[PDB]
Amino acid sequence: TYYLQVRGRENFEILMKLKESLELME
Amino acid sequence: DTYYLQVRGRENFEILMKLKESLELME
Amino acid sequence: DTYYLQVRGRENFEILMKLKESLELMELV
Amino acid sequence: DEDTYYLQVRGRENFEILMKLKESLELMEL
Amino acid sequence: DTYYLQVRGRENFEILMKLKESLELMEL
Amino acid sequence: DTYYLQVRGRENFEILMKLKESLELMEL
C-alpha cells in the first residue's frame, strides 16, 4: 500500500476516480 | 443538451462514469 | 454488453467519446 | 493542512501512474 | 509554439494522439 | 521504432510527456 499526498479536495476526488479506473482496467 | 454515449463493456462503462464525474469536478 | 452513459453537454460528450477510444486502444495493446 | 489528503493506493505500478496523473492535473489547472 | 514528443512504438503513438484529442477538447 | 508526435503548446507537451510515461508503466 502506498500513499499519494494531494493538496485540494478537487484533485483528491479526481485522483480517487482515476485510481479506481486503473483498477477496473487491470 | 443531453447526450447518450454508447459504450461496449461493463468495465469501460464504469470507467467512463468515473471520467465523466472527474470532468464535472474540474468544470 | 452495450451500455449507455447519459452526458450533460455536447462538450463533455465529445471529450468522453475520445477518452473511451483511448481506453479501448490501451486495452488492446 | 485541512485541505491536504492522502490517497491510499494498492501496488507500486498504480502509485507511480497516479503521481504522473496528479502532475498532469496540476498542469491543466494552472 | 510547436513541440515534438519522442514516442517509442507506433501503438503508443496512436494512443497519445487520441489522448491529445481529449486534452485539446477539455481545454476549450 | 521511434516517432515524433507534434504537439501545439508547452502545456500539452508536458502533460503528454507524463501520459506517455504512464502508458509505459502500465505496459511493463
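Coordinate-derived values only; no laboratory data. Note: ideal-geometry Cβ built from the backbone for every residue, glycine included; neighbour counts use all protein chains shown.
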* Structure fact -> Residue count, chain C, condition within 9 Å of chain B (Cβ to nearest Cβ) and either among the hydrophobic types (A, V, I, L, M, F, W, C) or touching a residue at least 24 places away in the same chain (Cβ under 8 Å) (or both), comes to 8
* Asked: Within the set of pairs 6+ apart or on separate chains, which have a first residue in the stretch F:3-28 that is crowded, with 16+ Cβ neighbours inside 10 Å, a second that is of a type in the set (S, T, Y) and assigned to a strand (DSSP E or B), and C-beta atoms under 6 Å apart?
  -> F:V7/E:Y3; F:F13/E:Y3
* To do: Would you mention how many residues in chain E are aromatic (F, W, Y) and not in a helix (DSSP H, G or I)?
  => 2
